[PDB]
Amino acid sequence: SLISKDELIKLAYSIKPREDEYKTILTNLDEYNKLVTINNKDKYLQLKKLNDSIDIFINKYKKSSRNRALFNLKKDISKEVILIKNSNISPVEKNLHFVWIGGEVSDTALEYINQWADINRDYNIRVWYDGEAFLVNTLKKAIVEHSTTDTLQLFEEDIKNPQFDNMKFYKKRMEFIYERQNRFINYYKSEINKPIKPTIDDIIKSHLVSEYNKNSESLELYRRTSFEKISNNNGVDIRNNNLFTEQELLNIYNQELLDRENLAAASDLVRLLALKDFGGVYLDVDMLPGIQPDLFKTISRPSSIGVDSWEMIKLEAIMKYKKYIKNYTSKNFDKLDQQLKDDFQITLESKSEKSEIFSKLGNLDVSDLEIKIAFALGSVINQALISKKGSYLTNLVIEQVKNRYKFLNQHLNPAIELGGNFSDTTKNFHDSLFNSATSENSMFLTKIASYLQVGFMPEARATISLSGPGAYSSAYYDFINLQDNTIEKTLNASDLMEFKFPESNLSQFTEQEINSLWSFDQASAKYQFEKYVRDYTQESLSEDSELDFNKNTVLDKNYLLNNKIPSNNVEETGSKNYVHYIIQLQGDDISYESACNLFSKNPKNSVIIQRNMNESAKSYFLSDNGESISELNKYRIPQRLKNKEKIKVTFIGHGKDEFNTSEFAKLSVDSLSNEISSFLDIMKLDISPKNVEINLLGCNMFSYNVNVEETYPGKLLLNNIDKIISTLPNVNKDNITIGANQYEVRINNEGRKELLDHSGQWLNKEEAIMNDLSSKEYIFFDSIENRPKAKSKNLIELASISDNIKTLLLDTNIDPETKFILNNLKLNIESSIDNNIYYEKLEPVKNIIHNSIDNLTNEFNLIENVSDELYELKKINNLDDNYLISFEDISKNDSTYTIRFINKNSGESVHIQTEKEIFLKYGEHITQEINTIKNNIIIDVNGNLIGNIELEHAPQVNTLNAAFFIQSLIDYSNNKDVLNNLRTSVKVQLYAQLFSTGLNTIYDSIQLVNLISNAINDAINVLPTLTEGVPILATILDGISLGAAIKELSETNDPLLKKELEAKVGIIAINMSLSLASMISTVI
Amino acid sequence: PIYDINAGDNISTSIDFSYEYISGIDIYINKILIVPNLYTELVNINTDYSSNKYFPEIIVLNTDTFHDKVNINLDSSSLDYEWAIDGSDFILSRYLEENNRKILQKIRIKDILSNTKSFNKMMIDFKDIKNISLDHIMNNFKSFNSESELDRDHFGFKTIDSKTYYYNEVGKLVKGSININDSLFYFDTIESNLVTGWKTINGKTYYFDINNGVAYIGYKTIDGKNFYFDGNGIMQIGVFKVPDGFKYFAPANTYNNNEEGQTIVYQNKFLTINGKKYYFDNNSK
Ligand SMILES: [Zn+2]
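Residues numbered from 1 in each chain as written, not as in the entry; some residues may be left out. Chains lettered and ligands numbered in written order. Part of a larger assembly, values for the part shown. Heavy atoms only, no water.

Going by the header, the method for this PDB entry is cryo-EM, and the resolution given is 3.20 Å.

Participant: Any chance you could break down the overall build of chain B for me, citing the residues and the numbers?
Facilitator: Check the secondary structure of chain B and you find two helices and 23 strands. In terms of C-alpha radius of gyration, chain B reaches 28 Å, well past the compact-globule figure of 19 Å for 285 residues. Seen through its principal axes, chain B has C-alpha atoms that stretch 90 × 45 × 35 Å. Looking at the 285 residues of chain B, the share that counts as buried comes to 45%. Only carbon and sulfur atoms are counted for the fraction: they give 46% of the accessible area of chain B, which is about 15,500 Å². Charge-centre separation for chain B: the mean point of 29 positive side chains lies 9 Å from the mean point of 37 negative side chains. (Helix = DSSP H or I, 4+ residues; strand = E, 2+ residues; numbered from the N terminus. Rg over C-alpha atoms; globule rule 2.2 N^0.38 Å. Buried < 20%, exposed > 50% of the residue type's maximum accessible area, 1.4 Å probe, protein only. Areas by Shrake-Rupley, 256 points an atom, 1.4 Å probe, with all protein chains shown as cover. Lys, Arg positive; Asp, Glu negative; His and termini not counted. Charge placed at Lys NZ, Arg CZ, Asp CG, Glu CD.)

Participant: Which residues make up helix α14 (residues 392-417) of chain A, and what values do they have?
Facilitator: Residues and elements named next belong to chain A. With 26 residues, α14 ought to run about 38 Å at 1.5 Å a step, and its terminal C-alpha atoms sit 37 Å apart, in line with that. Of all bends in α14, the biggest is about 30°, found at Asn 409. Just beyond α14, the residue with positive phi is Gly 419, at close to 75°. (Expected span 1.5 Å × (residues − 1). Bend = angle between axes of the 7 residues up to and from the residue.)

Participant: I'd like a description of the sheet that holds strand β23 (residues 883-893) of chain A, backed by residues and values.
Facilitator: Residue and element names in this part refer to chain A. Pairing is antiparallel across the open sheet formed by three strands, whose spatial order is β23-β24-β25. Either end of the sheet is taken by a strand with one partner, and the two such strands are β23 and β25 (909-914). Across the sheet, the mean angle separating the axes of adjacent strands is 25° when strand polarity is ignored. As paired elements, strand β24 (residues 896-903) and β25 share six bridges and run antiparallel to each other. By the bridge assignment for β25, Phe 901 is matched with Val 910. Against the sheet, helix α29 (residues 848-876) touches β23, β24 and β25, its axis set at about 110° to β25. In the packing of helix α33 (residues 1005-1017) onto the sheet, contacts are made with β23, β24 and β25, and the angle to β24 comes to roughly 75°. (Pairing = 2+ DSSP bridges. Axes fitted to C-alpha atoms, helices over the stretch in contact; angles between N-to-C directions. Contact = heavy atoms within 4.5 Å.)

Participant: Could you give an account of the nonpolar core, naming the residues involved and the relevant values?
Facilitator: What tends to happen in soluble globular proteins is that the nonpolar side chains get buried as a cluster. In terms of nonpolar packing, the biggest core is built from 122 residues, with A:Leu8, A:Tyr253 and A:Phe479 touching the most fellow members. Top element by residues in this core is α14(A). It accounts for 10 residues. What A:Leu8 contacts, discounting residues up to four positions off in sequence, is A:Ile3, A:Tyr22, A:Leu26, A:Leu29, A:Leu70 and A:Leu73. In this structure, A:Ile805, B:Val70, B:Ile132 and B:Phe141 belong to the second largest nonpolar core, which totals 45 residues. (Core = buried A, V, L, I, M, F, W, Y, C linked by side-chain atoms within 4.5 Å.)

What follows is the structure, given as structure tokens:
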């Protein structure tokens, strides 16, 4: 627990009288220390009251001397909360919740549900549904279909132009959808207000049949079949079970379900309220039970497959061999080797019971304050939740949702009420929004600005901030730091690890879950618009339908040398320490032009290889004088580039037009891996770099940041990392990165960017350039978690893009459509910056000073850990503050450690046993440090040290670290340093080993008391100087310091000190005194 | 900050640093390392340059404290500054040109980009603008790129593209003449690149070899003229012994416009040097 009242009174000492607030703090602290109740809620509320009082005082008297102690008290309170949480744990209620609203439940979901029902028969399955909203999704689909057709019709002349920027299509479509949504909302407002209330489904049916020409009988049949199905599959009605008791939550639910047709946010609210009212475990409709830990413990994962693909493969093998679920694919499983497949089948067919393969839940122990949430990619996600009935954190989360929705509505409703079209509502909403920005909600406001576009236009993500994981992270911060209603604050990962859903119970990498996981990015937007246009005109289109992949134009050296090189305006800044291979793979005109321009960007460090001419490929590079294009054999480089540190290689080609493309320049992953291996076995003859950065440039090559291992660059990295590291010995795994781009960009003489389009000429498409530049991601192999990770974005480039966008918006020659597009792009770039900072994605520098400071902090962690453990131990064994612990006398017995405590008053020694290994690990550590200070000390004389001097940088650094570490322990004034004493244990050990033979061999209590008094009264200095304390004079003889002894001997007038200095050192003064001269004259 | 534990209601919330208290010894310092504690609310950095000659990079460390905002108070004009990022550090750089002297000062705020709290906690005060956040700086100031081979960590000679540099055991460039492996090198005092050729320091002349950069000592031949350099490489004037006898190394324009310190033709005449007499025969020995 916390320190008690009087120890704080001693710690928080100040000369001034006790203010009123200090009295209040003492009162609340004592009231807490005596609170005996098993209801953790009262303990938590007492901690909250104490913390509030401490904050009041600290804010009122910022300059006071007591604050130090009080501040540490706050720290301790936070840790205290965890101790409250981790007690009185009890099994969660036997309930299992799923949610499906707005339509008929699919059969696949029902199979995933039955998998949970079968092995967990002691749990009550509930599938929540909305019995009066079975036709909502049909309404949404009808709106989208009609608006899509109208918009394709309106652009019918332009849509066949390949220069089409589909963002125009999407903005027009969104305007139509906003019109139709307002229409339905007004209809519903007019209908529901009747004396006789019709249900929502009847209103939707009337509106659909009236406006979009649906058959009423078909809608009625659909409603009936959906109802009977979900009723026969454990269905539970929302409205029959009285979930929405507060009018505000019901208003939020209606606003999400009806005004926006956002089924996801409705499901978020409903999941929270179900957990609050009933307790239990919430699960998505595509989570499967955890596989037994030991089932495949015998099969080793190949190096060529990541961890997530391994879990997916295991589930696929199970579902293939046992056939629990229908139509479960085996696409990943079939690519395995035959041995692994046979091991899978062997290990499986021996297992008969479903309970031998999937693990039961059993009793999950959770406290009445906590809610547990699943983890993905290191961040929280609401796929799976555990909560008791009436948990505290659940009400915290609901208050967060209500607060964020109230701040949204406060700005949105007045902007809607004007009755304007989509664009005017957008503008008024944005202005009312950004008029209220402060330092605390800038990121939040930037994120929720795209609320009107969620689900219709690409890259709208307000749901994450409104009811998604943002509310959960904020709730966890409010919980641990005893506040309320924080926005965009976060806990560190070490604290979030407390609330993790036990991973052994959940298999998150199912097949339906990966399909749910793909986001509505720019890639899916382009490839879905293409589908729309194909299906509307019944045509065939391709960007490169008619290009020649055989032209095989040979490199025109003069075209490169006299035109491409001098006309280039793009100089790269930064380190010029790389060599850039340019490997052109395909022979069309665009590949040739892009290769030539990419070479022109940096002629001195780049080499061209025209691989498409398979046997005749040669390396063309600018000669050393800069006037001519020399050539060498394939993949070979001139001498002037062999000393570079980094390689960058660029493959050029065209990617196949499909979502998540599988073929690049008509080569699969393995063909290109063979190409890389062939390149490496020749390249390794000339250069041994420390980094490798591969690019894939061409159409349809996107950079995805979710589902990395499923995409082309992820597969490429996983397949080639072993070859690259085995062939080039200096390269770490974390030094190999893979990127993909779509467009080739140049800068004209006018200062604007232009991209070489697939039709042969450079247009200046600013929106596409900005978007493609800002979207690029570099993927590398994280060796700690052992999986592909996207590397953090370059913030300087993003800031430059945003500045360019602002300057373009100043130029009034841009038409209003492009103004709206540019404004949305600016919002997305600001959101990307804020995401890079908020999710803690920026990696530290890691050089010498940063290593030093980090080691200092790591040392400062151990001290507080040991201090808490010592407080605990001394408090349990009822040892008071007079006992000093001796870190030299810890003895191990096979589970325990015996530590000797020394009384500072009587010298009597006590022995205490403990289970904590830390006391030993630290105790030896300090024992080594005092073994370096004492290793450059030369025999002391007058109770004073005469040390050695070393002037090499090898032994000077260790001595300085030893002195800083021990000095910090001896000057450490922590809280909880009063029941124990660490400033004195270390000081006494130091004094004993410096002026004696050590505490470990001294047992006589009188010697102990005298030595303790000597140590405590005497101050020792260990950090290296030449004249301990003051400045006097340095006389360093051969590696020996003698300034202090010499200055002592030239005034001492003490024969004993002179004798000691002569005997142990060798110093001999002259004694030029007149008195002695006179005495000797008289003697003779 | 100076910590007097029981001082009472006067605990100082300020760290005041000036580039003028390290004048003289600023060639012996690697970096300046400001370390705030719980109470630190203001960080005064008095810039200036009429006193110092080399200004070390400042590093402002980020600690836990109970203040909501920490001010860094710079006394200079906001017009000269640029920003960059390096990992999690935020770098401000000031460039001026005064009296043909380029003034370059760098301030690195360490790990301020690690999370939202640290990012929002620091505020900056220039002379003409006050309370400038880091986000505002990112949005309104020019930006530069912070990476170069001269900023890496080495421990011996480096040969960055035309020019040699030497790094101490702590990875800092060396400026001014210094002895390595029992030889006197001279690294230029601004660019820190190895200097070769003739060098006149405070009125005494040295010659640094073009092959290795080491200063010549002893009796040496340079372009058909014979010179003599003493034990430390300082060129000497007088009558000295060489492997072929005793020869005259004469002042400037003593005979046929001979350069200072070259041997000359001295036939059949007496010589007087600060009271000592010599006589040179027909062969100038
Ligand atoms: Zn193409």
